[PDB]
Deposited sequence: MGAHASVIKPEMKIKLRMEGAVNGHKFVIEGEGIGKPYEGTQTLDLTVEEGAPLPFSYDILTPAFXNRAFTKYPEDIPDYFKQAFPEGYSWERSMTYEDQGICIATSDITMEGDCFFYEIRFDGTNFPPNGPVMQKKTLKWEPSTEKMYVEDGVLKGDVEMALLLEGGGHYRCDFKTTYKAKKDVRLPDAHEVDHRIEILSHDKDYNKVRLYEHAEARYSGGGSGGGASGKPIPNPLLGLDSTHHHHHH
């Protein structure tokens, strides 16, 4: 039921360091090539006082190129869909939790996303918007408790050229039983292709391939 091109519509509600916001997104991707692009718009809470980058991995592993001999936990889960739960722990004790519930109708995915962070220092790189991009990453995927888990060590490149590290832990929960894969890895690259001055409008791209 996963077509070679799938559309995407999403809504994120959240709060970061007490600043509430709402972002909507629409876009399109190619699930079997592991690529997608979203156009995202801040609908409430503009201008965001924090780095947009902390949000971008919350904006769907159905968009992953899986080799034909690794079971695709994500494409198998449709049309019913799946949800995920993610902790993101930053090196300066900023902490975020995000969840998403992902359904489908026809050639379109729908994401209902919740995002919350707190404890970001007011002069650190997130609240001072000093981040440039995420570095390409490798997520370790493995089965535990009957579901699929991923761990990835993430790094945000900073203005002036250091890195700001974050550990991601994700639980992925299909809504029906599916064929479980062996342990494997997903390589990612995520990039903001363009944005307006205060990131009220953002074009966001991801390429992901399992190996």
> Which residue ranges of the deposited sequence are not present in the modelled coordinates?
Replying inline: 1 to 6, 66, 219 to 249
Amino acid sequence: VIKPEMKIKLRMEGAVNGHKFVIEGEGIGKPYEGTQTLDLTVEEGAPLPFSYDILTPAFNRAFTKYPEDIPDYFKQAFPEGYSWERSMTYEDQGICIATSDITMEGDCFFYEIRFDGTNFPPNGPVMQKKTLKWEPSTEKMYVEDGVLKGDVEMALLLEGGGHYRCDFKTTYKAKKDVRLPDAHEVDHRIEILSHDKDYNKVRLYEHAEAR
From here on, numbers count along this sequence of modelled residues.
> Per the PDB record, is the mean Cα temperature factor higher over 108 to 116 or over 85 to 93?
Replying inline: 85 to 93
> Per the entry, where is the mean C-alpha temperature factor higher: 99 to 107 or 123 to 131?
Replying inline: 99 to 107
> Going by the deposited entry, which of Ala46, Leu40, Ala58, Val178 has the highest CA temperature factor?
Replying inline: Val178
> Sorting the chain's CA B-factors, does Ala155 end up in the lowest, middle or highest third?
Replying inline: lowest
> Taking the C-alpha B-factors as the PDB entry records them, is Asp145 in the lowest, middle or highest third of its chain?
Replying inline: highest
> For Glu206, does the deposited CA B-factor place it in the lowest, middle or highest third of the chain?
Replying inline: lowest
> Relative to the other modelled residues in the chain, which third contains the C-alpha temperature factor of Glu185: lowest, middle or highest?
Replying inline: highest
>> Test of reading the entry: by CA B factor among the chain's modelled residues, which third contains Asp53?
In response: lowest
